4 protein chains.
Amino acid sequence: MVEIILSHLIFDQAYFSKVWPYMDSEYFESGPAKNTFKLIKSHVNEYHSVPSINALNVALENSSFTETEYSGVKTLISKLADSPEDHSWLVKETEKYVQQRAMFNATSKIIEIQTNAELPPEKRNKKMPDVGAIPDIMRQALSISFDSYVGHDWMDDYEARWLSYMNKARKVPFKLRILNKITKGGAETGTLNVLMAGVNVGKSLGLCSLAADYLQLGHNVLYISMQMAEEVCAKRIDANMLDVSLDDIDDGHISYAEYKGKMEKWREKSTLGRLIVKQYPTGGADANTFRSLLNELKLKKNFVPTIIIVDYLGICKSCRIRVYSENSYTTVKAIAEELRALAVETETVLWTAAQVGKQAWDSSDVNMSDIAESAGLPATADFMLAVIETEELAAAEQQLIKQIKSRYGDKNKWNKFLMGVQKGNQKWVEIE
Amino acid sequence: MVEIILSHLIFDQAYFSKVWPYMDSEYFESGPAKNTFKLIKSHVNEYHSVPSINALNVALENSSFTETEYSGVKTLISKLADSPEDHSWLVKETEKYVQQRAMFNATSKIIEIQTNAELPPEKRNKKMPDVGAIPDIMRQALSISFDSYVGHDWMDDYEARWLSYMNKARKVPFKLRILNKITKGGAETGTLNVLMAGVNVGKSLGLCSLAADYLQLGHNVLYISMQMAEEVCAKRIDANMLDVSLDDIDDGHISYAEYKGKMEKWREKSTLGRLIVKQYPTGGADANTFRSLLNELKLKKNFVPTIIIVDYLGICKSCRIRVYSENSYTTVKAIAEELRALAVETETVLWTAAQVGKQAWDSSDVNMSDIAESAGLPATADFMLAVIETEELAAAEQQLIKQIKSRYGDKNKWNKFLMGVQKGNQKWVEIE
Amino acid sequence: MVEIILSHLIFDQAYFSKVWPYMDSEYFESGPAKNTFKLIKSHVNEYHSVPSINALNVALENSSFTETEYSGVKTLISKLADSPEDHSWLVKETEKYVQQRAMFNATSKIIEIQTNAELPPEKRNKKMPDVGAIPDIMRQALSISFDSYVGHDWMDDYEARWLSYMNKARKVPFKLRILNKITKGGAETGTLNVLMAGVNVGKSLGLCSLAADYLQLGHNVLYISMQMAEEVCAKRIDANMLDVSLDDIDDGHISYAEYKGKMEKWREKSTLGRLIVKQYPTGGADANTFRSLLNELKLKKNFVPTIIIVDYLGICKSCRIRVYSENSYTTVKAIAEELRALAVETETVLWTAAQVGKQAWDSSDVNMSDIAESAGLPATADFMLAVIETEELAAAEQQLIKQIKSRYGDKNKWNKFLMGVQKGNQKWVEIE
Amino acid sequence: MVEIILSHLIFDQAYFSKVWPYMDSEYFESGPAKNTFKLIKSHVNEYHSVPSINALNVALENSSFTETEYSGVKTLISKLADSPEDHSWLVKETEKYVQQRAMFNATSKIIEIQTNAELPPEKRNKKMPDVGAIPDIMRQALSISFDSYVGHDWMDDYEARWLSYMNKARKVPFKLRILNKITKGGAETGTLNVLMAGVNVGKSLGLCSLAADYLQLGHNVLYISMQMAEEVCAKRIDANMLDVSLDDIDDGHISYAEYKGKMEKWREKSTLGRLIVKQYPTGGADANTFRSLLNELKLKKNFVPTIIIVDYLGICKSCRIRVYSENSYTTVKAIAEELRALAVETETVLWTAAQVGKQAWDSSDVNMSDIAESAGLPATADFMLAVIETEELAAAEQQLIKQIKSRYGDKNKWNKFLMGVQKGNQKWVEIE
DNA sequence: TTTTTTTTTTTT
Ligand SMILES: Nc1ncnc2c1ncn2[C@@H]1O[C@H](COP(=O)(O)OP(=O)(O)OP(O)(O)=S)[C@@H](O)[C@H]1O
Ligand SMILES: Nc1ncnc2c1ncn2[C@@H]1O[C@H](COP(=O)(O)OP(=O)(O)OP(O)(O)=S)[C@@H](O)[C@H]1O
Ligand SMILES: Nc1ncnc2c1ncn2[C@@H]1O[C@H](COP(=O)(O)OP(=O)(O)OP(O)(O)=S)[C@@H](O)[C@H]1O
Ligand SMILES: [Mg+2]
Ligand SMILES: [Mg+2]
Ligand SMILES: [Mg+2]
């Protein structure tokens, strides 16, 4: 029914107002229909009005396509004529036609991706998406229903807004009291929280301590280590949970009986979730890789995480920018934005680590301007905490956590407090 | 499109009043088109009015043509109808047709000049110009645009200019006396206004404060969130309007009774406007999306916004340049130009935020050179204020606002003024 | 007469010494002639001497030519002979032939340009000059001659040097005596003058001050703006000439009676010109449009320009390069060249205002390595000034001018001088 | 080519004496070419002289030749002419022919060696070299060059080198006795020599003086100015040559009669050179534009300079640095290297000027450490004279010349000398 | 050819 759609795009102002915002060039044909719609779209972009038959003929004469295409477009334009119709049958039929064409294009692209990925490398016609984003494309084929959400009205829609304040399902409480106090109830789902410490100051000890604390509070935690292996992170978690020093495990001061007893005692407790550690090579995982990991975890292991942790965003690969194409600023900003998009998609608290510049190392204070790889990371991150350690603090078994970007509350209040990091047990303890 | 031009010359006075000044027999053709235009020109010269079909046919009978030309003119005259096409498209198309025909005639003329130059001096014609007249014959053919307006005169139009001085309909007050004082009556419609600061300083706080202030004045405000979600921002607007807190909303200190009472009391006010909050994924919107959103808003609800707030220009996506086609100085400036064009098209006050590079994130002052993105943004901008907060300022809850680019008024009359920013209420308070 | 040219290039020495530096491969037809000239040129480049017949037959055998090309070149070489003629008819005939070939090539190139322009976007060739570049090409072809001036030859060009000593070019005086001192009487007719400055520091203030000063001297001034409405520029001029602050005009302190009285008092003065302000959209005007504008200004308004002032060079259209085709440097250089050509053609002092880079903003000193868009502007310009009102000159109500490039005198004599900028009246007063 | 080689072996002497030692029978052919060379070699052996074409025919008349060979030889002998080709092209072309034939023979020999190697060991030729001899054989093919000149060979070019020391082949005198004394006979070709302008001490005056002494000695001088026009520099040259004061020309004291008389008096003298002044914009002339200028002057003006004087090194631009700066060290170091490379590749004496540190300005003594260009100019400069001015030197019309770097001779021999500077005539006179 | 981030280095 392409002829009817074009005719009522021309000879119906009411029809054009609703269907146009959604009409696209890939929904008609590879011949006369697409060319006619391209003519109409160019005229609309140039004059912001629906062209007439004379305007279409003039644009057709000032066009460069061949004789066959010219004749087809001329016949199609000559066949366009308004008919007595009703707005509803046309809008519903157009929605059905657009949905069918979107599904057809999506399945054609799916077949193309499958037949392209099944090719020897270096001859796979790059810039074509991989099989990993096969379902997502189909998800885009179903989100076309002529029902775009205009937005949220402050006065018209306030009961629904008020039924989001006492819900509190968005906030995931910590286990430390100070972190809950500064965040006013803990971190929120669909966010990107960051730890900035430097090199060998913490920043993975803190992530492991957070993972252990969330695990004790009945949470499913997905640790993703882009550098350290799976047994080192698991060893850190074991040291945190079992209250056994990493030196004791290395020096064999803990027996198999004690280890088994502690593990079974933790297992028999109802207030304990599941922690899963996954390792990827440095620069070999992205947002799409994490989504594939999420899907295979949900299917194979029936594991649905809420506290997804990534060891370092700077070590991950952007899923949109080719490697080493853009500078550190753009690449890191894109990676952080994609991670935040993943977090809001799966509705999980995302925790990450970030390096500071060389000038901030061995300094008694770390500012937000000391971020290493990009200034956009603080802009695209919900909460950031700076971990500072000096010789005096190290001798006191304490670290100073400074609130650098506090989006859940006022950062001026409680800006710097001293945590009791214990490096042997990979644990954070409070001083209150 | 000679038929359209002749038909709208005869049957349209508005078209005749803008194209007849620039029209010649050489522009049309050498056959029936030129003869028809010559008949029209002869009739308008003998009688100062546009001829009719009957008068044109009578003149054709009076005038003498050979059989072929007579038949061609009769056939062409038979093909004239009103056909009320758009005026803008018609004038643009006739300008293009005139330009292309003039270029063709100029090329033929210079080719004839070159051919005559090679002839021996005895054989060559003295009427044709020398080769030295080739260039100006070309530039003049490139100065046949349709524009009869010459511009202001400063001595013949001072009365109209004085009347224009009294047209203050472009101004929009600020609800803040200091901002009105420094803008000489508030912001103006169709202008790009920017509120820039560092990361986590209160850019979105200022945007929401401006939205609430415009809402309390009866304006229609369209808040477009790029990083935050739609609901979170409405909470800030509620904290500004209801004037309780941000934490008290999340800590349950407000019962439903008070919330309902305050919302209904604000509904009873006749000085309140309409506020719509729209969220977009990072890097997925521009004026092209904004124009479709405007059309959908106007269709679905009686909402034509007077104020358009964009959460951040940087997070926005340029229309023509791809996601990472060019560097920051280009696409950021392109987005700024597109936003200003959208504002001047919709005649709305456009507000947006801008980021500051790391060099001024901890400085007591910020200059125009401290713009994180392209420096073309402080070229398309009109009132680029700046927010500077220090430890002493945060102690007194008083952000410093520095006038960075002031196109409305004197940038240095009140260069730096203190505000009374309340972070809990997301409100700017004037200081007296 | 290609055969004669080749024959006397090979067999004659004075002819070779006279005509060789001006010969080019494009002056010969694509048959045997161009290939033979290629062989001759390669031999001359490799051995710095005129080849013989044996040399070329050796070069022909050691060449990658097809059978047809080989046969044609061999036949042409066989046909060459030393016909005795006079070395005063040969040189002029060769010059005529070269000029004709250059004109033919230019005609073909402009025909190709016009064919390329009419093609739709995404199919048309890029980097090919637009239609507005056609006359310039035709200006280059007519300049071909066997006489070339590379540098100034002492003892060979000394009459012209004595003329330059004794004669001085006519100057359009300023009203500020300091500019006359630094320019030795003012600015010449066919010049491009630029007043670079930072953003929101007085680019339009200085241009409007110059426009008012020239208007008070009896000149016809055309003010073309792109970032400002006609009423705004005319209000700046009124503030300059009526001695009323822009604050007074906006606030309504002055009445219509006083305004009319002052305007009529200015009208009654005989030493007054005509100032016409024309506004164009950003990127919507070029040199041809300025020419079309000057055309209607000379016709509709019957006004001949004298001090054409382009508010901003960086906004105007290229007129030689398609929009968004080349980089900023090339486009701005092309705009500068087009504007200077327009000034030379119209014999009008042309004043403009470019923007300095972000580094020069709030910098107490600027140099040629501070221009933002293009560093080729000083080469095209004839006088270039700067504005250095950075931090403390604004508090003292003063400015500073660097004199970056002054072709009228010596830049290192009064390089930096202080200007009393008054922003309420939008004028420059002298510190003397 | 073989016909030409044989013809110019028979009918030339220098070509024979140059190419005979590198001529072998296997280089020509297996029919006419080889047999004909065999005749030349045979005769050259029995009678140590070149045979007459008839004597070569006598060789054919008295030699073992098959009917085809004897005929072939007769035709080839009858096809040899005494035509006069240029010697350089002939030698180069016969060298290329010999090299190609030697390479072909060596490749065929190694192919035959490989083919013989892949044969039954009982059945193979013993005379064929083993496979291990293949790399050496090709070497003998690559070691074929009519003339071997790779660098300067000590103990093999000592006689030519002595002729350089006695004839002072590299020195260019100065016309000033003191400058000749400290340079052991003047500056050398392929060198960069700079004068360290101090506190407003000078600006082109010295280089203009150097552009007159060389002119009076018969040298072709190319003066490239950046901060001045051609007329101004040539006026400084006229002041020095015509003894007219610089201000007298501007005032008009000297009339056209005296000027023309002095110019013609200079033109009569045969000891006068040519001066070509070329102007370039500031920063618009790298040391690659100078190469193009030299090529144009050689091709069109036939002007091949021996002295190149650049007005100022700092004003110049680096050929491939992209970013230019008003006063940056990296650019000055690159500019010096590029200019010295130009001097070396053009075998010309290159002169330029550069600024020095304020300390060098305040102190009468200037140290290499006290130089604006540190480790950049006293590293790429063969000679660096420090021209500084003092009020006492000024009151006596003198300038103290100090020698800061002298590759030519000992720097401490005559380091300080007083120069008689005349600022009106722009001249340097000696002091007794 | 400019523009902007980050880093590292070096020169004054
Ligand atoms: N096996 C271990 N036994 C005891 N202490 C350890 C051990 N591993 C690490 N630590 C301590 O933990 C501190 C911080 O460890 P990490 O969390 O690995 O630092 P890091 O910042 O993650 O390293 P990078 O540079 O970011 S990969 C170190 O400085 C050590 O003092
Ligand atoms: N929900 C909140 N509760 C309390 N304080 C907040 C909240 N959100 C933001 N703030 C404070 O508001 C200030 C700036 O935060 P925002 O206004 O959200 O920043 P923004 O303008 O979005 O800029 P960035 O660069 O994106 S953080 C800081 O003092 C924050 O701590
Ligand atoms: N209405 C006004 N009243 C008083 N002063 C004003 C007014 N408008 C502008 N100014 C002042 O004039 C100065 C120069 O403004 P402009 O003439 O627009 O300079 P500009 O370089 O053209 O700015 P652009 O075009 O946005 S880069 C500003 O910095 C203000 O201080
Ligand atoms: Mg780590
Ligand atoms: Mg923000
Ligand atoms: Mg301006």
# chains A, B, ... in the order shown; residues from 1 in each chain; ligands from 1
call {"tool": "closest_atom_pairs", "arguments": {"of": "chain C", "to": "ligand 6", "cutoff": "10 Å", "atoms": "only C-alpha atoms and all ligand atoms", "output": "tab-separated table"}}
result
residue	atom	partner	partner_atom_place_in_ligand_line	distance
C:197	CA	ligand 6	1 (Mg)	9.9
C:198	CA	ligand 6	1 (Mg)	9.9
C:199	CA	ligand 6	1 (Mg)	7.8
C:200	CA	ligand 6	1 (Mg)	7.2
C:201	CA	ligand 6	1 (Mg)	9.1
C:202	CA	ligand 6	1 (Mg)	7.7
C:203	CA	ligand 6	1 (Mg)	5.9
C:204	CA	ligand 6	1 (Mg)	5.1
C:205	CA	ligand 6	1 (Mg)	8.4
C:207	CA	ligand 6	1 (Mg)	9.6
C:225	CA	ligand 6	1 (Mg)	8.4
C:226	CA	ligand 6	1 (Mg)	8.3
C:227	CA	ligand 6	1 (Mg)	6.0
C:228	CA	ligand 6	1 (Mg)	7.0
C:311	CA	ligand 6	1 (Mg)	6.5
C:312	CA	ligand 6	1 (Mg)	6.7
C:353	CA	ligand 6	1 (Mg)	8.3
C:354	CA	ligand 6	1 (Mg)	9.4
C:355	CA	ligand 6	1 (Mg)	9.4
call {"tool": "interface_residues", "arguments": {"of": "chain D", "to": "chain C", "cutoff": "9 Å", "atoms": "only C-alpha atoms", "output": "ChimeraX atom specification"}}
result
/D:1,4,85-86,88-90,228-231,234-235,237-238,249-250,252,256,259-260,263-264,266-267,274-284,293,296-297,299-301,323-326
call {"tool": "select_by_dssp", "arguments": {"residues": "stretch 154-301 of chain D", "states": "helix (DSSP H, G or I)", "output": "JSON, numbers by chain"}}
result
{"D": [158, 159, 160, 161, 162, 163, 164, 165, 166, 177, 178, 179, 180, 181, 182, 205, 206, 207, 208, 209, 210, 211, 212, 213, 214, 215, 216, 230, 231, 232, 233, 234, 235, 236, 237, 238, 239, 240, 241, 242, 246, 247, 248, 249, 250, 251, 256, 257, 258, 259, 260, 261, 262, 263, 264, 265, 266, 267, 268, 289, 290, 291, 292, 293, 294, 295, 296, 297, 298, 299, 300, 301]}
call {"tool": "calpha_fit_rmsd", "arguments": {"fixed": "chain D", "moving": "chain A"}}
result
17.1 Å
call {"tool": "residues_around", "arguments": {"residues": "stretch 98-108 of chain B", "least_positions_apart": "2", "cutoff": "6 Å", "atoms": "only C-alpha atoms (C1' of nucleotides)", "output": "ChimeraX atom specification"}}
result
/B:27,95-96,110-111,141
call {"tool": "write_last_selection", "arguments": {"atoms": "N, CA, C and O atoms", "output": "PDB file, in the first residue's frame"}}
result
ATOM      1  N   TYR B  27      15.905  34.532 -20.833  1.00  0.00           N
ATOM      2  CA  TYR B  27      15.909  33.538 -19.769  1.00  0.00           C
ATOM      3  C   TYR B  27      15.058  32.314 -20.074  1.00  0.00           C
ATOM      4  O   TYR B  27      15.280  31.264 -19.463  1.00  0.00           O
ATOM      5  N   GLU B  95      14.228  31.394  -8.936  1.00  0.00           N
ATOM      6  CA  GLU B  95      15.576  31.937  -8.821  1.00  0.00           C
ATOM      7  C   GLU B  95      16.607  30.957  -9.364  1.00  0.00           C
ATOM      8  O   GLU B  95      17.524  31.349 -10.096  1.00  0.00           O
ATOM      9  N   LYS B  96      16.463  29.672  -9.029  1.00  0.00           N
ATOM     10  CA  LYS B  96      17.387  28.667  -9.548  1.00  0.00           C
ATOM     11  C   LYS B  96      17.306  28.572 -11.067  1.00  0.00           C
ATOM     12  O   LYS B  96      18.337  28.478 -11.749  1.00  0.00           O
ATOM     13  N   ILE B 110      30.465  33.722 -24.080  1.00  0.00           N
ATOM     14  CA  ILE B 110      31.925  33.720 -24.050  1.00  0.00           C
ATOM     15  C   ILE B 110      32.488  32.749 -25.082  1.00  0.00           C
ATOM     16  O   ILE B 110      33.559  32.997 -25.651  1.00  0.00           O
ATOM     17  N   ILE B 111      31.787  31.645 -25.360  1.00  0.00           N
ATOM     18  CA  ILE B 111      32.235  30.744 -26.419  1.00  0.00           C
ATOM     19  C   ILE B 111      32.180  31.447 -27.770  1.00  0.00           C
ATOM     20  O   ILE B 111      33.095  31.318 -28.594  1.00  0.00           O
ATOM     21  N   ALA B 141      26.754  37.310 -14.364  1.00  0.00           N
ATOM     22  CA  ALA B 141      25.809  36.180 -14.490  1.00  0.00           C
ATOM     23  C   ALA B 141      25.700  35.491 -13.128  1.00  0.00           C
ATOM     24  O   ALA B 141      24.775  34.673 -12.949  1.00  0.00           O
TER      25      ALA B 141
END
